[PDB]
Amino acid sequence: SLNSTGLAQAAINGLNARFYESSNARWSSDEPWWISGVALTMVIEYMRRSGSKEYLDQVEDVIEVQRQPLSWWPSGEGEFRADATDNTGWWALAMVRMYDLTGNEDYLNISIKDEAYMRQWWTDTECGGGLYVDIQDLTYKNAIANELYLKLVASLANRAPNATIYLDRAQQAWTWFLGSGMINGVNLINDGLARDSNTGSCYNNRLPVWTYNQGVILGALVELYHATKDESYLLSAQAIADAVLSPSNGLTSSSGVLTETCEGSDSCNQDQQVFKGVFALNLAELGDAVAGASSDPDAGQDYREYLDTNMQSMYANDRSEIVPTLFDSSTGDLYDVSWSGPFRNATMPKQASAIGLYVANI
């Protein structure tokens, strides 16, 4: 059959052999720094779900160096506090997984510092809530930043000492998100909000439906369920997932393969190349929570069936292997952006998204 653990490791090896920079303790300095954080999450999640620890030394090197005050944002004072709330949020969630893997209070403390940094740009005076993404400009409360923050406070509500204040913040944050309008008529999440020129009220800006904006919210609702034992959160998550799996909504191909909207025009940029893996890994948390929340053995079978279907398509259609040489004995797998289309080339955001799908099936 298909050993997702073996292919995850081969993909991580391929990510490392092509894109990891030993001298910089980071993958691909020419790609968005926040995608290095996503990559770290995938490697941590692989280790956490497979029981292996083969990349734990490497992960710890990356943390120690990216922990330092950023050259492009020294006012953050390190600990991943960067020039945007979504930048910070990706690394914050990686530290939560780091904590889950190791149990070291140190990583949890980074997440606590990051929550407090992000909340600095939560304002109740515009849109009745939510935080801005552009720390320097304060012109956009989008979906990804508030989804990341929501999943952070919901995670802290399950792990941090003053867990109650985080439960209050997460419940208050989910209420704002739900009533914000970003969840549209088919239970998908548009990119962000826009503000009325004359009235100051906000509305769904009808910008694209990105796959990672339907994933991160699922993890937040799963964490909100673990902290409250309220299945209504799982039900809300399940509706967002169900809309994604529905081919009528354009996210799922006629072959049952997840497809970013830019894949058609072949115009997926550095950011959008990683979106799919973020959704898959989050849907795996939904499927796991759903299967355990009920005695039914078929609970979440469709989410697992979906991830499996997508894995075999990416394995057969999107895969390419590195050429070993007399000097470089490094082996592994490389992956392009389309989980059904051909393999043209591999980039770090595409590779990280491939790892996410394999880890989602581990």
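Note that residue numbering follows the sequence shown and begins at 1.
A.B. asks: Would you determine, from the values in the PDB entry, which of 287-295 and 166-174 has the greater average C-alpha temperature factor?
C.D. replies: Stretch with the higher mean C-alpha B-factor: 287-295.
A.B. asks: Mean Cα B factor from the PDB record: higher for 85-93, or higher for 227-235?
C.D. replies: Per the PDB record, 227-235.
A.B. asks: Whose CA atom has the top B-factor in the entry, of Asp100, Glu263, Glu147, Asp191?
C.D. replies: That would be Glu263, according to the entry.
A.B. asks: Could you look up the Cα B-factor of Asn317 in the entry and say which third of the chain it sits in: lowest, middle or highest?
C.D. replies: CA B-factor rank for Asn317: highest third.
A.B. asks: By the record's CA B-factor, is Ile44 among the lowest, middle or highest third of residues in the chain?
C.D. replies: Bottom third by C-alpha B-factor.
A.B. asks: What third of its chain, lowest, middle or highest, does the C-alpha temperature factor of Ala280 fall into?
C.D. replies: It falls in the middle third of the chain.
A.B. asks: Ordered by C-alpha B-factor within the chain, which third holds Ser36? Give me lowest, middle or highest, please.
C.D. replies: According to the entry, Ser36 has a C-alpha B-factor in the chain's lowest third.
A.B. asks: According to the PDB entry, is the CA B factor of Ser255 in the bottom, middle or top third of its chain, that is, lowest, middle or highest?
C.D. replies: It belongs to the highest third of the chain when residues are ordered by C-alpha B-factor.
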